[PDB]
Amino acid sequence: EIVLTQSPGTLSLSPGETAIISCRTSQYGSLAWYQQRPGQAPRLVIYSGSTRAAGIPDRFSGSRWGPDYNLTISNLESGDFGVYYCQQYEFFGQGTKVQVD
Amino acid sequence: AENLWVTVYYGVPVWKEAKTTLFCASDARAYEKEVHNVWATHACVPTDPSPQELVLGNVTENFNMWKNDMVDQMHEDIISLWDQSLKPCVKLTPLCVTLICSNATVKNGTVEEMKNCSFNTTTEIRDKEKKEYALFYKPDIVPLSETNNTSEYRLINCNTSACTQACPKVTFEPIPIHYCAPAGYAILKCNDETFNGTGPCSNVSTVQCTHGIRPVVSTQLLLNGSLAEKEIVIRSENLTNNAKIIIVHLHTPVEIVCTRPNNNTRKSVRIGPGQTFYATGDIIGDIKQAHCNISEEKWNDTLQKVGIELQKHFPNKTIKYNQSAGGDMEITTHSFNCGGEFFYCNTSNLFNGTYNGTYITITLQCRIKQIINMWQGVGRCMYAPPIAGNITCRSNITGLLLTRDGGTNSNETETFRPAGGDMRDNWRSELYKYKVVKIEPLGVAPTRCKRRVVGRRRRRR
Amino acid sequence: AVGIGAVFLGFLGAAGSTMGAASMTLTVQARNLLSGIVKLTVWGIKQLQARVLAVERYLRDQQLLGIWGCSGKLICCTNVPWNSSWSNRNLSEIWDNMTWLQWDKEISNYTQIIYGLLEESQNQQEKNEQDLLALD
Amino acid sequence: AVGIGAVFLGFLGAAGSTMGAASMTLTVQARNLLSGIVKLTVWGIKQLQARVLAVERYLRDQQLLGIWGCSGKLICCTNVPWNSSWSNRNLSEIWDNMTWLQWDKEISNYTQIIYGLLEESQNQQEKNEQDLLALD
Amino acid sequence: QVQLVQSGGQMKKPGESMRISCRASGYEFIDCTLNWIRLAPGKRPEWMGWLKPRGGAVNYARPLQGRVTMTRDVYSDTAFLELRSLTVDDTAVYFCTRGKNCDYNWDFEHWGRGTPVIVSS
C-alpha cells in the first residue's frame, strides 16, 4: 500500500512571491524535501518534518499534518527556483517544478 | 499550606541515567581457567556469588536497548583483550616465501580442497635454509601474477598486513562473564519478557551483577544464547524502516551438531630461534569435508512460528525467506568459532521456503579457514593453528538475525534475508535487560521540623 | 523496614514506597556508597579510575554535609524557612502519596538556590561563636 | 565578603585583607580542596598520582581536626592558654593590621609545639568523660 | 572536508554490462552506510541497494535485484556498482550518496557529481 503523491505538476511564478507544494503519505514515518536545479547535484532543504538543514535561510519550511504534508515557501527569488522532491524512509515522489516568470 | 523549614535529610535512594565503565566478574571456578584465556580477562575473579535480587515495589522506569552503552563498552573491552592477548605471541612474518604447490595426495585418494605446498625456510643458523612442506587447509592462497607458471602461490597475509598466530598457551573459550557495577551505581533489570526493545517496564529489579553473558561470536545465527521464556520475540529500531535490523529470539532451542571428519595431524616447523610454527602435516584417514546437521522437524516449525510472529506486525503479508544477501565471505556464510577452528557454511537450506503462517535431516556443506580477520573486519589478522584429530561441536541455536527487503515489491509479498552484522548486535541480543544509573543522595526536602536553636538537643519536632 | 534490619537489597524497595517508610531505615545507602563490591590488560586500570571516583564522590557528599552543620547526622533540621514557589507548602499532607524518585523532579531546579540560604543559616553561627561578653 | 557568598576566586582576595574579613567567609577552601578541575601516554597516570595526593592531604587535615576536638567545625576553641613567647600576647588589637600570609611567619616555628598541648586539651576531656562518680 | 568523488561519463549500447565508481575523500573511514540513487529525468527517481563496507553487506532493493551486483574495497575507501544487461530504459544519472549522520542514514546529505550514463538504441 506504500505509495506517495506530489502535487501540483509545474508552476510559473513571479520572483519574490510565495509558492506551495504538497506531499502526501500513507504510513507512519519521517519526511524530507530535496531541491534540484537542472544538472547540478540536488540539495537537502528540510528533513524530519519541519526541521531545517544547515546553510539555508528561513524561506523554506512546512508543517506535518499527520496524514499529509504541506510545504510552503516565501520570497522565492529567481536564483532559488528549481525542482523539489519528497522523500520517506525509499519512495521518491514524482516531484514538482517551479519556474521563473 | 503550613509553616515549614528546610531539612537536610540524606542518605536517600534516588537515581538518574548515567554512563560509567563497569567491573567484570567471571562465574564459579572459571577464574582459574581465566588465568589463560582470550574473551576472558586475567582475571575477572568473582568476589561474591552473584546475582542477589529484589523486586522493587511499584517502580516503573524507562529502558532502551539500542542507546544502551554497555554493549559499546564491552565491544572495546573484547577487542582490546583480543589484541593484547595476541600481542606477545610469535609472529608469522618470515614464512611469506614463494610457495610451490600441488594436489594434496592423501591415503587411498585425493582430498577435495587443500593444496600440498612446499617452500624454503630458515633453519636455526640464519645463513642456511631447508625445504619444508605443510598442508594449508584452505584453498585461499592467492596465485602470484606476473608469471605463466600456474603454481607459484603466496600466503595472503603479506598482501596487506603482517599477522600473528594465537599461542596454544592461551585458548579461545566462551566463559560466562557477569558485569558488576562499581561502587555507587546500581544495574537495574527488567523482568517483563514482552519488552519489545523500548518503552516503560513495570517490574524493575535491581542486582549486584548481570546474569550469565558469554561472548560467543556468530553471524546469521546466535549460538548458546538465552531464550525468551514465553514466546518468540521480535525487536527492531523501527520495523517500517527498510534499513536497521530485526533480531529474533526462539521459544525453544534447536540442536546444531557440527563436525570435521578429516583426521588432521599437527606438525611443528622451526621458523626461527625459538619461534615454532604449527601447521597441518598429513591427513591419516578418509575424507568427507566438514558438515553440520540440523533436524528438519523442529526447524521448519520454528520458521513457521517466527513467520506468524512476523505476520502479526505485517498484517496479511505472506513471508518469504530467501537466500543470503551477498557481499563478503563473513556474512554470505554462517560463521562460528568452535574449538579454536573457524567454520564457514553456505546456508544450503536454512533460508528457503515460503510460509504463510496459516498452514494453507538438513545438511550444510561448510568450508574452513585458517587465516581470519577479527569479525570487526578491519583489525589484526590472526592465524589459528590446527587441532589434532576430529573436532565435534554441540550447541543450541537460540536467535536469528534478519534484514528486510524492499521497497517496491508487490504489496502482498515480503522477503527476509539472513544477514549478520556488527558484533555489537550479537551481545545486544543478550544484554537488552540492563541499565546503569548512579545513586544520588539528593539535597533538601521540606518538613514541619524547626530550627536547631544554638545547637540545642531536642526530641520529636 | 523498621529500625534498620534490611540490606542494600533489603531496603532499596523504599524507592517506590510512600515517604513514611523511606524516612525510616535510611542508612544502608551510606554503607553501600563507599566501595561496594570493589600481566596488565583491560582488567587492571579499571579498579583505580573507577574506585577513586567513587571515593571522591563520597568525600564530596561528606564535605557538603560537613559545612551545613549536619556532619555525622542522617537527619538534620536547619534554620531556613521554606519559600512558597519551591514546592507544595503543605507536604506533610502530601508526602504520604509521593515516592522520592518522583519528588526529585518537583524541586530539581531549586536545590542550588536552597543551598545558598542553607549556607547562610549555617555560617550565621560563626558570628555567635566568638568575640563578645558571654561570661561563662 | 560577608555572610558567605563569594567563590574560590571570589574569596581568595582575603589573602591580603585584614584578618577580620578573613575570619568571615572562611568556607570555600574546604569546597575547593577536594576535586577542583580534576592508548596510554602522559595524560593518563597524572590523574591518579595527583588526585590521590590531594585526597590524602584532605584526609590528613580532617583527621588532625578530628583528634583535637574540632570535627566538622570551621571555628573551634580549645583549652590551652597562649604562652607569651610564641607571639604578641595582645593580638586582639593587632590582627586588624596583619594578613594571614604575613602572620604565618610569626608562629611558623612554634606551630609544632602547640599540637602537643591541644592533644592534652583533648585527652583531659577523654579522662573526664569516663569512670564512676557522675551516676547520671 | 568530507565529500564524495564520482566518475565518470561513458556511452553504452543495449545488452552490455557497466561499471561506476565512487570514493570517499577527506574522510577517515567509510563505516557509515553509503548508498546509490538513480535520478532518471521525467520519471520518479529510484533507490537501489545500499552498501555498508564494514561487513560488506548489501540489500538489492527493487526488481533491479536480477541485475545488480555491488562490491567495495575498504583499503582504498572506494565502492563499485556494476549492472548486467542494460536495457534502453535504464538511461539515467547515478548518484553516490551518504546519510546526514550515521543514525538515520536515509537523509541523504552528501551527493556526488551525478555521473551520467545514456544508452542508445
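Residues numbered from 1 in each chain as written, not as in the entry; some residues may be left out. Chains lettered and ligands numbered in written order. Part of a larger assembly, values for the part shown. Heavy atoms only, no water.

For this coordinate set, the PDB header names cryo-EM as the determination method and states a resolution of 4.5 Å.

**So, the environment of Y133 of chain B**
Residues and elements named next belong to chain B. When you line up the elements, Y133 lands in strand 8 (residues 129-136). Exposure remark for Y133: the relative accessible area of 38% places this residue in the partly exposed category. Spatially, the C-alpha atoms of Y133 and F314 are 58 Å apart, while their sequence positions differ by 181 residues. For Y133, the residues in contact, after removing those within four places along its chain, are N116, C117, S118, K267 and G281. (Helix = DSSP H or I, 4+ residues; strand = E, 2+ residues; numbered from the N terminus. Buried < 20%, exposed > 50% of the residue type's maximum accessible area, 1.4 Å probe, protein only. Contact = heavy atoms within 4.5 Å.)

**Observations regarding the pairing of strand 31 (residues 413-418) of chain B**
Residue and element names in this part refer to chain B. Among the six residues that make up strand 31, six are buried, leaving the element largely enclosed by the rest of the structure. The two faces of strand 31 match: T413, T415 and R417 on one face and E414, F416 and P418 on the other face are all buried. In the sheet, strand 23 (residues 318-321) pairs with strand 31 via four bridges, with the strands oriented parallel. Bridge pairing in strand 31 links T318 to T413. When strand 30 (residues 391-404) meets strand 31, the two strands line up antiparallel, connected through three bridges. Residue pairing in the sheet places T403 in a bridge with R417 of strand 31. (Pairing = 2+ DSSP bridges.)

**Overview of the state of the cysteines**
Should the sulfur atoms of two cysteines be covalently bonded, the bond is a disulfide. Applying the stated criterion across every chain yields a total of 15 disulfides over all chains. Here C96 of chain B engages in a disulfide with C158 of chain B; their sulfurs sit 2.0 Å apart. Its torsion about the S-S bond being 95 degrees, the disulfide of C96 of chain B and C158 of chain B is classed as right-handed. Here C96 of chain B is found in the loop between helix 2 (69-86) and strand 6 (99-106), whereas its partner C158 of chain B is found in the loop between strand 10 (152-154) and strand 11 (164-165), with 62 residues between them in sequence. The exposure class of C158 of chain B is partly exposed, given its relative accessible area of 39%. In chain E, the bonded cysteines, taken in the order they occur along the sequence, pair up as 1-3, 2-4. The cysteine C163 of chain B is free of any disulfide, with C381 of chain B supplying the nearest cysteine sulfur at 6.3 Å. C163 of chain B sits in the buried class, given a relative accessible area of 4%. Between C77 of chain D, a free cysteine, and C76 of chain D, which holds the nearest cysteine sulfur, the sulfur-to-sulfur gap is 6.8 Å. By relative accessible area, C77 of chain D is classed as exposed at 61%. (Disulfide = S-S within 2.5 Å.)

**Considerations on the relation of the copies chain C and chain D**
Structural alignment of chain C on chain D gives an RMSD of 0.4 Å, achieved by rotating through 120 degrees and translating 0.0 Å along the axis. The superposition operator between the copies reduces to a three-fold rotation axis. Each copy contacts the other with its own distinct surface, as only 16% of the interface residues of chain C are interface residues in chain D too. (Least-squares fit on C-alpha atoms.)

**Details of the interface of chain B and chain C**
Counting residues at the interface gives 54 residues for chain B and 57 residues for chain C. Of the roughly 5300 Å² buried where chain B meets chain C, counting both sides, 67% is carbon and sulfur surface. Summed over the shared surface of chain B and chain C, the result is two salt bridges. Examining the composition of the side of chain B that touches chain C, we find that four residues originate from one element, strand 1 (residues 5-8) of chain B, more than from any other. Here the side of chain B that touches chain C is composed, by residue class, of 29 nonpolar, 15 polar and ten charged. With three bridges joining them, strand 1 of chain B and strand 1 (residues 76-81) of chain C adopt antiparallel strand pairing. Bridged to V8 of chain B within strand 1 of chain C is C76 of chain C. (Buried area = accessible area lost by both parts, 1.4 Å probe. Salt bridge = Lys/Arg side-chain N within 4 Å of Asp/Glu carboxyl O. Nonpolar A, V, L, I, M, F, W, Y, C, P; charged D, E, K, R; others polar.)

**Focus: the packing of helix 4 (residues 42-49) of chain D against helix 5 (residues 51-68) of chain D**
Residues and elements named next belong to chain D. Orientation of helix 4 relative to helix 5, taken along the N-to-C sense of each, is 10 degrees, at an axis distance of 3 Å. With respect to helix 5, the element helix 4 is oriented roughly parallel. Between helix 4, through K46, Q47, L48 and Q49, and helix 5, the contact on the second element is made entirely by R51, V52 and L53. Class assignment of the residues belonging to the contact of helix 4 with helix 5 gives a composition of three nonpolar, two polar and two charged. (Axes fitted to C-alpha atoms, helices over the stretch in contact; angles between N-to-C directions. Parallel < 35°, antiparallel > 145°, perpendicular 65-115°, else oblique.)

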